[PDB]
Amino acid sequence: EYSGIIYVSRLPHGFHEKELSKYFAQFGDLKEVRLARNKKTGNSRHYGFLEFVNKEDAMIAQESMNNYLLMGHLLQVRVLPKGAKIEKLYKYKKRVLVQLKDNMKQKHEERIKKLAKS
Amino acid sequence: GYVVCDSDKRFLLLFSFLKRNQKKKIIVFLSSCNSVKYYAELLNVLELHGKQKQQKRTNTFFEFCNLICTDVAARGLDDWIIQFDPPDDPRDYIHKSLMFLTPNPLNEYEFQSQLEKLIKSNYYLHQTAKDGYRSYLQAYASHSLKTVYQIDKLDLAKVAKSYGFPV
Amino acid sequence: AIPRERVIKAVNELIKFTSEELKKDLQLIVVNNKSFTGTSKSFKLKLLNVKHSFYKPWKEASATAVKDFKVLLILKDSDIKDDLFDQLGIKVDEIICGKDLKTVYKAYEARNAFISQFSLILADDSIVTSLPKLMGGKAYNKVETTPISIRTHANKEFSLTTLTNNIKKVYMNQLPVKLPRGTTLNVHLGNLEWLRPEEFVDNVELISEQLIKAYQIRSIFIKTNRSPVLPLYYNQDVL
Amino acid sequence: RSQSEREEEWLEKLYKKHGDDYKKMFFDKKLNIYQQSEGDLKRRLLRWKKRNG
Amino acid sequence: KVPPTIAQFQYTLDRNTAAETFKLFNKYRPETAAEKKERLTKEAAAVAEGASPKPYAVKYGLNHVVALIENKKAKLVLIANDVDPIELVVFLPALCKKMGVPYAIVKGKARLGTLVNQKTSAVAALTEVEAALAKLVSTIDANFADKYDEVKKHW
Amino acid sequence: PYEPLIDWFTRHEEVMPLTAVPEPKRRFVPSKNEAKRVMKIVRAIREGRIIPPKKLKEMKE
Amino acid sequence: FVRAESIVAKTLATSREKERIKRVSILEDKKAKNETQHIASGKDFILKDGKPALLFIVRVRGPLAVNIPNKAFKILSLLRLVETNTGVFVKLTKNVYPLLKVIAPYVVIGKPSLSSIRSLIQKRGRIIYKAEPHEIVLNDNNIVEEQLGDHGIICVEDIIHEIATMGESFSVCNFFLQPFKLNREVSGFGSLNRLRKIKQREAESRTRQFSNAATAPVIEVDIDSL
RNA sequence: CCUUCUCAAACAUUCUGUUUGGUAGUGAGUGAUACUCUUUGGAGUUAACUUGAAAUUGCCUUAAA
């Protein structure tokens, strides 16, 4: 059996979650959509996961878009067996729009003593 | 010692080894006399083989005494002594010295799109390239080597001789 | 003046210690700083004046070494109009325009291969600002793969003499360096073969003086790739 | 027989560029667009010189 | 009943991949008679008063297209389904598969020829291209050559 | 009546091309068959029976 | 149903438009503060200032089907130029100057002429008022004499003078004019219209170009084209 | 199926030298020792290298009909 989760790697650049939800909503009532975004930067990894409320539609969508040649690169859409849910995919964001002399002297002395190790 | 070198990067390895000196007498032995004629034009050491004029060959060798030679012509005429193409005899070379092979004694060592563009653009360097490639192929097939026979695919041999499509 | 005694000691101690390719040969100087450019990451390549034309030995070693680098000059549409090189002791390798880089290199593999070919990345100041959107991360992920800025325009028009004199000066004076938003900065120098001790001390003196003048540097250490951090100057008085 | 006007001008340009160095003319992609061999080059250049000294 | 060797056509490339292939081929349309004539006239006028990179164009003629095939010079082969003499194209997919060259089938010989000026072209091929050719070849493979590799079966 | 075919031959791929025809110079030369037409047009222009393209635009009265 | 390519293209275009708008707004905010210390430029220029000048603006179609963005959509709603091929006269000012860049990609601006303004006013005009859905044209000056004329704008010639001379009643008349819906260029389809549209589209790229630079000079073209 | 910020200012003017500003990037993944800060939370920085736009889970409609 195939689970409702759909694995699609090789996603086009800029193919955010909103576009995936909008396009897959045509096929029916999709459950959830998530994308693997890097913590350091919001740029995605070009691979994400999404789930459908119906397992039949889940594989129907993969069959229809199995090797569809979208702009940039084709979609590597695959369907996993029962289980393998969409657990844990966070929507990382960049950010909101926008005494000492003693330690330094000690470190300098330590470096001056250590340089003799050469 | 012998050096393991894949045919896909044989040209790159040879170019690096040549660039490692730029002057010292890096003696190299080639199985095919036609191949050296094609390799001489790839420097864009001097040509020294038996197929060319004997007088000019001798004069060039005398000048160099102050290379690019085949197995047969190197015998008796004489930093690194190397053999790239398969030897004319498996043991005549063993009798500094280093070897290159990858179909299968002392030790072993450890560790270019312009040519591809030009091969299809220059007619003469294309005819010479294919001539050398298939002369090396004939030498490899005609040689009764102990453990080397017709098995290796030419898909990498063509690349080794700068050729893209299989001739 | 910077302490020349420490430099004289280092030019012998470090040479003995080092005497793998970049670790043994690649000379560099590291300058400690107290933050930079606030909350911004402008990719401006700062230039430092060098008393010696270290580019000539750099290309001499590269010519005699396996790694042969190429100089790429990014130009504009008007610049297409061998005159761009006939007036240059120094020879430019390749000249390309931004028109091609934005489309003919859509394949990231080809873009990476093209970038790795060159090391002295030169570009017109007018088009330098638009480069990062084209060459991608890999070019800006290494100091030697990012575009350097050279002034070629004169009276808002192309000038062959302006390009020639500026490129000659850069080849016999300027040295690039990045501007990270951090407390550490690196300025590559050259190879172990570069000049002799006293000449090397003179070479480092101007670099250190310019670094001190340009900004309130914190400390500078004489260094070599993965070598011990030999102290040079202690500029804690600013703190 | 003689060389054509355009052919004569091309041969004169090649001779000025290289003189009698047919080997250099062979690799002269700027003028040797057809990749003339070392023999044809000299065969045409001798006839060109016959009328030019 | 059609034999297994026949009916390999009619089952052809999908809509999106076919459109992408047509768009890619349109980028290398051969110079037409009028354009070639005007270019030659301009060249003559320039030379008559006061040396170019090798051109690129799609291959369409059956004889020379097959000549490029077998020599491994054909990077991609596109074949029409509605060709009247089927025997002209029955062996072409087999030859392409034997030589290890990507191949594809399309519906409508006239649409095949519309991208090469001629009224009809039966088959078409490409010799040189920029980088989308590899992606198109992979898509064609995964959608026709590997998904329908069982063409030898059925009747 | 209804049996599948056998791909006994369409399972291995040839390496070397079936023929070793020598490479003709024309493939490496700029279309001498086209230089012929260029020179024919040059001759026609010299004879004056063919109008230069510029005069075509200059005479669109 | 809609194919995937359209959604991806719309998203890519929207991202670029939003980035350009944000960059332009951020640069203009710093320019207004007069700091002008770490920005590309502080001055303004036009090539082919914020001084007063009456200009004509035409709403052009394109770029690609970008979802209505808040800033540009609101700016257009202020001028009520949502419909394509619609134009209206606006008084150029330093405060209004950044609006050009804000809505530059969607509109084309230039300096009109007295003859062009007179012809446009006398050939087209709307008065959407007394149910009051009627699009009555400026048939007679009686409406101008009654509803207008409080400030002395009694006839169409007075409106022309106010528009060209930037009179006090310029705001009142401009709102009353219900800016004109200019006819589209080709205005057809079929055998000849397809080729005519294709031929005309080439000039659009060479005329309606956006450099997307934050300090890009104001795009200006002669209104004599139409 | 879509094209990326291809110069803004001052001295001086020698067919233009000097000075400043303007460059927020595809990710995946390896990695040779140091900088501080920041007050236990880890935050940014210093060489070099692989990549098929490869990849499995970090809390306004005449681009219409």
# chains A, B, ... in the order shown; residues from 1 in each chain; ligands from 1
call {"tool": "interface_residues", "arguments": {"of": "chain C", "to": "chain G", "cutoff": "12 Å", "atoms": "only C-alpha atoms", "output": "VMD selection string"}}
result
chain C and resid 37 40 42 126 to 127 129 to 130
call {"tool": "write_last_selection", "arguments": {"atoms": "N, CA, C and O atoms", "output": "short mmCIF file (atom, residue, chain, number, x, y, z; two decimals), in the first residue's frame"}}
result
data_model
loop_
_atom_site.label_atom_id
_atom_site.label_comp_id
_atom_site.auth_asym_id
_atom_site.auth_seq_id
_atom_site.Cartn_x
_atom_site.Cartn_y
_atom_site.Cartn_z
N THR C 37 31.17 46.67 9.32
CA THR C 37 30.00 47.03 8.51
C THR C 37 28.68 46.75 9.22
O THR C 37 27.67 46.46 8.56
N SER C 40 25.36 44.45 8.02
CA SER C 40 25.35 44.41 6.57
C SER C 40 26.45 43.46 6.10
O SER C 40 27.39 43.16 6.83
N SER C 42 27.90 43.73 2.66
CA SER C 42 28.34 44.20 1.36
C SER C 42 29.62 43.48 0.95
O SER C 42 30.57 43.38 1.73
N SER C 126 31.18 49.34 -13.25
CA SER C 126 29.76 49.53 -13.54
C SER C 126 28.99 48.23 -13.41
O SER C 126 27.89 48.20 -12.84
N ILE C 127 29.54 47.13 -13.93
CA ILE C 127 28.84 45.84 -13.94
C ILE C 127 29.14 44.99 -12.71
O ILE C 127 28.49 43.95 -12.52
N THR C 129 28.47 45.40 -9.63
CA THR C 129 27.37 45.32 -8.67
C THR C 129 26.35 44.26 -9.07
O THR C 129 25.72 43.65 -8.20
N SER C 130 26.17 44.02 -10.37
CA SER C 130 25.19 43.05 -10.85
C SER C 130 25.73 41.63 -10.94
O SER C 130 24.95 40.71 -11.20
#
call {"tool": "residues_around", "arguments": {"residues": "residue 72 (chain E)", "least_positions_apart": "3", "cutoff": "8 Å", "atoms": "only C-alpha atoms (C1' of nucleotides)", "output": "PyMOL selection string"}}
result
(chain B and resi 165) or (chain E and resi 68-69+75+99-101) or (chain F and resi 17)
call {"tool": "write_last_selection", "arguments": {"atoms": "N, CA and C atoms", "output": "PDB file, in the first residue's frame"}}
result
ATOM      1  N   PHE B 165      33.691  11.557 -29.557  1.00  0.00           N
ATOM      2  CA  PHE B 165      32.930  10.466 -30.139  1.00  0.00           C
ATOM      3  C   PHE B 165      33.863   9.301 -30.472  1.00  0.00           C
TER       4      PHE B 165
ATOM      5  N   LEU E  68      23.854   9.980 -40.358  1.00  0.00           N
ATOM      6  CA  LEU E  68      24.352  10.391 -39.050  1.00  0.00           C
ATOM      7  C   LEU E  68      24.134   9.290 -38.020  1.00  0.00           C
ATOM      8  N   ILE E  69      22.962   8.650 -38.050  1.00  0.00           N
ATOM      9  CA  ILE E  69      22.749   7.468 -37.227  1.00  0.00           C
ATOM     10  C   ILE E  69      23.673   6.350 -37.700  1.00  0.00           C
ATOM     11  N   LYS E  75      22.353  12.930 -31.641  1.00  0.00           N
ATOM     12  CA  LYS E  75      22.099  13.051 -30.211  1.00  0.00           C
ATOM     13  C   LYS E  75      20.644  12.767 -29.861  1.00  0.00           C
ATOM     14  N   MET E  99      22.079   1.327 -31.707  1.00  0.00           N
ATOM     15  CA  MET E  99      23.215   2.236 -31.655  1.00  0.00           C
ATOM     16  C   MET E  99      23.327   2.972 -30.327  1.00  0.00           C
ATOM     17  N   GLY E 100      22.320   2.879 -29.463  1.00  0.00           N
ATOM     18  CA  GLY E 100      22.354   3.568 -28.190  1.00  0.00           C
ATOM     19  C   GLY E 100      22.188   5.066 -28.341  1.00  0.00           C
ATOM     20  N   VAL E 101      21.122   5.479 -29.021  1.00  0.00           N
ATOM     21  CA  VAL E 101      20.850   6.894 -29.265  1.00  0.00           C
ATOM     22  C   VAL E 101      19.426   7.199 -28.812  1.00  0.00           C
TER      23      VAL E 101
ATOM     24  N   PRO F  17      31.880   3.149 -34.687  1.00  0.00           N
ATOM     25  CA  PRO F  17      30.884   3.281 -35.757  1.00  0.00           C
ATOM     26  C   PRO F  17      31.033   2.176 -36.792  1.00  0.00           C
TER      27      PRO F  17
END
call {"tool": "residues_around", "arguments": {"residues": "residue 24 (chain H)", "least_positions_apart": "5", "cutoff": "12 Å", "atoms": "only C-alpha atoms (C1' of nucleotides)", "output": "list in words"}}
result
residues 41, 94, 97 and 98 of chain A; 39, 40, 41, 42, 43, 132 and 133 of chain C; 19 and 23 of chain G
call {"tool": "write_last_selection", "arguments": {"atoms": "N, CA, C and O atoms", "output": "CSV table (one decimal), in the first residue's frame"}}
result
chain,number,residue,atom,x,y,z
A,41,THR,N,19.7,30.0,6.1
A,41,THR,CA,19.1,30.8,5.0
A,41,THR,C,17.7,30.2,4.6
A,41,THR,O,17.6,28.9,4.6
A,94,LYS,N,14.4,34.0,8.0
A,94,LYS,CA,15.6,34.7,8.1
A,94,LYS,C,15.6,35.5,9.4
A,94,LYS,O,16.4,35.1,10.4
A,97,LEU,N,12.6,42.2,9.4
A,97,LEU,CA,13.2,43.1,8.5
A,97,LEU,C,14.1,44.1,9.3
A,97,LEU,O,13.7,44.6,10.4
A,98,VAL,N,15.2,44.4,8.8
A,98,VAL,CA,16.1,45.4,9.4
A,98,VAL,C,17.1,45.9,8.4
A,98,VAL,O,17.0,45.7,7.2
C,39,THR,N,25.3,45.7,10.6
C,39,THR,CA,24.4,44.6,10.2
C,39,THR,C,24.2,44.6,8.7
C,39,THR,O,23.1,44.7,8.2
C,40,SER,N,25.4,44.4,8.0
C,40,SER,CA,25.4,44.4,6.6
C,40,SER,C,26.4,43.5,6.1
C,40,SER,O,27.4,43.2,6.8
C,41,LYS,N,26.3,43.0,4.9
C,41,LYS,CA,27.2,42.0,4.3
C,41,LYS,C,27.6,42.4,2.9
C,41,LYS,O,27.6,41.6,1.9
C,42,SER,N,27.9,43.7,2.7
C,42,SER,CA,28.3,44.2,1.4
C,42,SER,C,29.6,43.5,0.9
C,42,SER,O,30.6,43.4,1.7
C,43,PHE,N,29.6,43.0,-0.3
C,43,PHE,CA,30.8,42.2,-0.8
C,43,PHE,C,31.8,43.1,-1.5
C,43,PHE,O,32.2,42.9,-2.7
C,132,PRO,N,26.9,39.4,-8.6
C,132,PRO,CA,26.6,38.3,-7.6
C,132,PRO,C,25.3,37.5,-8.0
C,132,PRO,O,25.2,36.3,-7.7
C,133,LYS,N,24.3,38.2,-8.6
C,133,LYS,CA,23.1,37.5,-9.0
C,133,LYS,C,23.4,36.5,-10.1
C,133,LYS,O,22.5,35.6,-10.3
G,19,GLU,N,10.8,42.3,-4.5
G,19,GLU,CA,12.2,42.6,-4.2
G,19,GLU,C,12.5,44.0,-4.7
G,19,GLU,O,13.1,44.8,-4.0
G,23,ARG,N,13.4,47.2,-2.3
G,23,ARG,CA,14.7,47.9,-2.4
G,23,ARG,C,14.5,49.4,-2.8
G,23,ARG,O,15.1,50.3,-2.2
call {"tool": "residues_around", "arguments": {"residues": "residue 9 (chain D)", "least_positions_apart": "6", "cutoff": "10 Å", "atoms": "only C-alpha atoms (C1' of nucleotides)", "output": "VMD selection string"}}
result
chain D and resid 3 15 48
call {"tool": "write_last_selection", "arguments": {"atoms": "N, CA and C atoms", "output": "PDB file, in the first residue's frame"}}
result
ATOM      1  N   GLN D   3      46.566  33.982 -59.958  1.00  0.00           N
ATOM      2  CA  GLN D   3      45.690  33.948 -58.798  1.00  0.00           C
ATOM      3  C   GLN D   3      44.598  35.004 -58.924  1.00  0.00           C
ATOM      4  N   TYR D  15      51.670  36.325 -46.847  1.00  0.00           N
ATOM      5  CA  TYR D  15      53.105  36.520 -47.024  1.00  0.00           C
ATOM      6  C   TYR D  15      53.621  37.636 -46.126  1.00  0.00           C
ATOM      7  N   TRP D  48      52.281  33.440 -56.659  1.00  0.00           N
ATOM      8  CA  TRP D  48      52.035  34.820 -56.248  1.00  0.00           C
ATOM      9  C   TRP D  48      53.306  35.656 -56.352  1.00  0.00           C
TER      10      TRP D  48
END
call {"tool": "interface_residues", "arguments": {"of": "chain E", "to": "chain B", "cutoff": "10 Å", "atoms": "only C-alpha atoms", "output": "ChimeraX atom specification"}}
result
/E:54,71-73
call {"tool": "interface_residues", "arguments": {"of": "chain A", "to": "chain E", "cutoff": "8 Å", "atoms": "only C-alpha atoms", "output": "list in words"}}
result
residues 67, 68, 69, 73 and 74 of chain A
call {"tool": "write_last_selection", "arguments": {"atoms": "N, CA and C atoms", "output": "mmCIF file, in the first residue's frame"}}
result
data_model
loop_
_atom_site.group_PDB
_atom_site.id
_atom_site.type_symbol
_atom_site.label_atom_id
_atom_site.label_comp_id
_atom_site.auth_asym_id
_atom_site.auth_seq_id
_atom_site.Cartn_x
_atom_site.Cartn_y
_atom_site.Cartn_z
ATOM 1 N N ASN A 67 6.830 12.279 -14.331
ATOM 2 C CA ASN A 67 8.024 12.807 -14.984
ATOM 3 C C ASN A 67 7.691 14.079 -15.750
ATOM 4 N N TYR A 68 6.780 14.887 -15.211
ATOM 5 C CA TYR A 68 6.441 16.153 -15.845
ATOM 6 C C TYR A 68 7.656 17.071 -15.864
ATOM 7 N N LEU A 69 7.975 17.596 -17.046
ATOM 8 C CA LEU A 69 9.144 18.457 -17.225
ATOM 9 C C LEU A 69 8.732 19.895 -16.941
ATOM 10 N N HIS A 73 13.979 21.927 -14.017
ATOM 11 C CA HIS A 73 14.258 20.502 -13.911
ATOM 12 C C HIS A 73 12.961 19.765 -13.615
ATOM 13 N N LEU A 74 12.894 18.515 -14.068
ATOM 14 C CA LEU A 74 11.699 17.709 -13.875
ATOM 15 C C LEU A 74 11.488 17.401 -12.394
#
call {"tool": "residues_around", "arguments": {"residues": "region 153-157 of chain G", "least_positions_apart": "3", "cutoff": "10 Å", "atoms": "only C-alpha atoms (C1' of nucleotides)", "output": "VMD selection string"}}
result
chain G and resid 118 121 to 122 138 140 to 150 160 to 163 167 to 170 172 to 173
call {"tool": "residues_around", "arguments": {"residues": "residue 49 (chain A)", "least_positions_apart": "6", "cutoff": "7 Å", "atoms": "only C-alpha atoms (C1' of nucleotides)", "output": "count of residues only"}}
result
8
call {"tool": "closest_residue", "arguments": {"among": "C:225, C:235, C:27, C:191", "to": "chain A", "atoms": "only C-alpha atoms"}}
result
C:235
call {"tool": "interface_residues", "arguments": {"of": "chain E", "to": "chain C", "cutoff": "12 Å", "atoms": "only C-alpha atoms", "output": "number ranges by chain"}}
result
E: 129-135
call {"tool": "write_last_selection", "arguments": {"atoms": "N, CA and C atoms", "output": "PDB file, in the first residue's frame"}}
result
ATOM      1  N   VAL E 129      23.915  21.407 -29.919  1.00  0.00           N
ATOM      2  CA  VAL E 129      23.032  22.327 -29.215  1.00  0.00           C
ATOM      3  C   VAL E 129      23.857  23.347 -28.439  1.00  0.00           C
ATOM      4  N   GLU E 130      21.227  24.796 -25.431  1.00  0.00           N
ATOM      5  CA  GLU E 130      22.576  24.846 -24.880  1.00  0.00           C
ATOM      6  C   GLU E 130      22.815  23.675 -23.934  1.00  0.00           C
ATOM      7  N   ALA E 131      22.026  23.616 -22.858  1.00  0.00           N
ATOM      8  CA  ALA E 131      22.133  22.547 -21.876  1.00  0.00           C
ATOM      9  C   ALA E 131      20.813  21.855 -21.576  1.00  0.00           C
ATOM     10  N   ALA E 132      19.680  22.388 -22.040  1.00  0.00           N
ATOM     11  CA  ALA E 132      18.394  21.740 -21.821  1.00  0.00           C
ATOM     12  C   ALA E 132      18.240  20.455 -22.624  1.00  0.00           C
ATOM     13  N   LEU E 133      19.146  20.186 -23.567  1.00  0.00           N
ATOM     14  CA  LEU E 133      19.043  18.966 -24.360  1.00  0.00           C
ATOM     15  C   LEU E 133      19.171  17.728 -23.484  1.00  0.00           C
ATOM     16  N   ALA E 134      20.081  17.756 -22.507  1.00  0.00           N
ATOM     17  CA  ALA E 134      20.236  16.611 -21.616  1.00  0.00           C
ATOM     18  C   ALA E 134      18.968  16.372 -20.802  1.00  0.00           C
ATOM     19  N   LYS E 135      18.369  17.442 -20.274  1.00  0.00           N
ATOM     20  CA  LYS E 135      17.134  17.294 -19.511  1.00  0.00           C
ATOM     21  C   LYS E 135      16.012  16.754 -20.387  1.00  0.00           C
TER      22      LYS E 135
END
call {"tool": "interface_residues", "arguments": {"of": "chain A", "to": "chain H", "cutoff": "12 Å", "atoms": "only C-alpha atoms (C1' of nucleotides)", "output": "JSON, numbers by chain"}}
result
{"A": [5, 6, 7, 8, 9, 10, 11, 12, 13, 14, 34, 35, 36, 37, 38, 39, 40, 41, 42, 43, 44, 45, 46, 47, 48, 49, 50, 69, 70, 71, 72, 73, 74, 75, 76, 77, 78, 79, 80, 84, 85, 86, 87, 88, 89, 90, 91, 92, 94, 97, 98, 100, 103, 104, 107, 108, 111]}
call {"tool": "write_last_selection", "arguments": {"atoms": "C-alpha atoms", "output": "PDB file, in the first residue's frame"}}
result
ATOM      1  CA  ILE A   5       2.655  11.338   1.787  1.00  0.00           C
ATOM      2  CA  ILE A   6       4.153  12.441  -1.540  1.00  0.00           C
ATOM      3  CA  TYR A   7       7.930  12.856  -1.814  1.00  0.00           C
ATOM      4  CA  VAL A   8       9.006  15.301  -4.541  1.00  0.00           C
ATOM      5  CA  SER A   9      12.718  16.044  -4.884  1.00  0.00           C
ATOM      6  CA  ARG A  10      14.344  18.100  -7.648  1.00  0.00           C
ATOM      7  CA  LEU A  11      11.812  20.874  -7.102  1.00  0.00           C
ATOM      8  CA  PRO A  12      12.131  24.005  -9.276  1.00  0.00           C
ATOM      9  CA  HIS A  13      13.884  26.931  -7.639  1.00  0.00           C
ATOM     10  CA  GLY A  14      11.379  29.280  -6.034  1.00  0.00           C
ATOM     11  CA  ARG A  34       5.912  21.321   3.878  1.00  0.00           C
ATOM     12  CA  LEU A  35       9.352  22.171   2.510  1.00  0.00           C
ATOM     13  CA  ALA A  36      12.854  21.533   3.862  1.00  0.00           C
ATOM     14  CA  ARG A  37      14.354  24.991   4.427  1.00  0.00           C
ATOM     15  CA  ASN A  38      17.867  25.572   5.734  1.00  0.00           C
ATOM     16  CA  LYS A  39      18.098  27.148   9.179  1.00  0.00           C
ATOM     17  CA  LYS A  40      20.858  29.565   8.155  1.00  0.00           C
ATOM     18  CA  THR A  41      19.052  30.803   5.026  1.00  0.00           C
ATOM     19  CA  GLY A  42      15.460  30.541   3.842  1.00  0.00           C
ATOM     20  CA  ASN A  43      16.561  29.006   0.538  1.00  0.00           C
ATOM     21  CA  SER A  44      15.011  25.564   0.138  1.00  0.00           C
ATOM     22  CA  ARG A  45      16.778  22.296  -0.681  1.00  0.00           C
ATOM     23  CA  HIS A  46      14.575  21.688  -3.766  1.00  0.00           C
ATOM     24  CA  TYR A  47      12.890  18.737  -2.029  1.00  0.00           C
ATOM     25  CA  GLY A  48       9.813  18.619   0.180  1.00  0.00           C
ATOM     26  CA  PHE A  49       6.970  16.449   1.425  1.00  0.00           C
ATOM     27  CA  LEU A  50       3.193  16.771   1.272  1.00  0.00           C
ATOM     28  CA  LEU A  69       9.144  18.457 -17.225  1.00  0.00           C
ATOM     29  CA  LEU A  70       8.639  21.685 -15.309  1.00  0.00           C
ATOM     30  CA  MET A  71      10.839  24.728 -15.844  1.00  0.00           C
ATOM     31  CA  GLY A  72      14.414  24.215 -14.697  1.00  0.00           C
ATOM     32  CA  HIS A  73      14.258  20.502 -13.911  1.00  0.00           C
ATOM     33  CA  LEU A  74      11.699  17.709 -13.875  1.00  0.00           C
ATOM     34  CA  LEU A  75       9.874  16.742 -10.685  1.00  0.00           C
ATOM     35  CA  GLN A  76      11.020  13.580  -8.895  1.00  0.00           C
ATOM     36  CA  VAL A  77       7.641  12.816  -7.350  1.00  0.00           C
ATOM     37  CA  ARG A  78       7.426   9.468  -5.555  1.00  0.00           C
ATOM     38  CA  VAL A  79       4.990   7.786  -3.163  1.00  0.00           C
ATOM     39  CA  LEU A  80       6.140   6.028   0.006  1.00  0.00           C
ATOM     40  CA  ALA A  84       6.404   7.812   6.635  1.00  0.00           C
ATOM     41  CA  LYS A  85       4.308  10.850   7.545  1.00  0.00           C
ATOM     42  CA  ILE A  86       5.227  14.530   7.091  1.00  0.00           C
ATOM     43  CA  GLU A  87       6.431  14.687  10.700  1.00  0.00           C
ATOM     44  CA  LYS A  88       8.745  17.588  11.546  1.00  0.00           C
ATOM     45  CA  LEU A  89       9.323  20.178   8.824  1.00  0.00           C
ATOM     46  CA  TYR A  90       9.756  23.690  10.208  1.00  0.00           C
ATOM     47  CA  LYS A  91       9.061  26.941   8.353  1.00  0.00           C
ATOM     48  CA  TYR A  92      12.377  28.622   9.064  1.00  0.00           C
ATOM     49  CA  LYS A  94      15.642  34.654   8.138  1.00  0.00           C
ATOM     50  CA  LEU A  97      13.222  43.118   8.526  1.00  0.00           C
ATOM     51  CA  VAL A  98      16.127  45.405   9.403  1.00  0.00           C
ATOM     52  CA  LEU A 100      38.052  43.392  28.543  1.00  0.00           C
ATOM     53  CA  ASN A 103      41.535  39.181  29.062  1.00  0.00           C
ATOM     54  CA  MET A 104      43.150  40.535  25.892  1.00  0.00           C
ATOM     55  CA  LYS A 107      45.614  36.035  25.748  1.00  0.00           C
ATOM     56  CA  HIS A 108      48.442  38.033  24.160  1.00  0.00           C
ATOM     57  CA  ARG A 111      50.244  33.556  22.583  1.00  0.00           C
TER      58      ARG A 111
END
call {"tool": "select_by_dssp", "arguments": {"residues": "region 3-153 of chain E", "states": "helix (DSSP H, G or I)", "output": "ChimeraX atom specification"}}
result
/E:15-26,33-49,62-68,87-99,109-114,132-145,149-152
call {"tool": "interface_residues", "arguments": {"of": "chain G", "to": "chain A", "cutoff": "7 Å", "atoms": "only C-alpha atoms", "output": "JSON, numbers by chain"}}
result
{"G": [1, 4, 5, 7, 8, 12]}
call {"tool": "write_last_selection", "arguments": {"atoms": "C-alpha atoms", "output": "PDB file, in the first residue's frame"}}
result
ATOM      1  CA  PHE G   1      -7.582  23.562 -14.453  1.00  0.00           C
ATOM      2  CA  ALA G   4       1.994  24.219 -13.512  1.00  0.00           C
ATOM      3  CA  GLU G   5       4.204  26.531 -15.578  1.00  0.00           C
ATOM      4  CA  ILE G   7       1.892  29.334 -11.330  1.00  0.00           C
ATOM      5  CA  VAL G   8       5.686  29.070 -11.181  1.00  0.00           C
ATOM      6  CA  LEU G  12       8.924  34.119  -9.910  1.00  0.00           C
TER       7      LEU G  12
END
call {"tool": "atom_distance", "arguments": {"atom1": "CA of residue 90 (chain B)", "atom2": "CA of residue 146 (chain B)"}}
result
7.8 Å
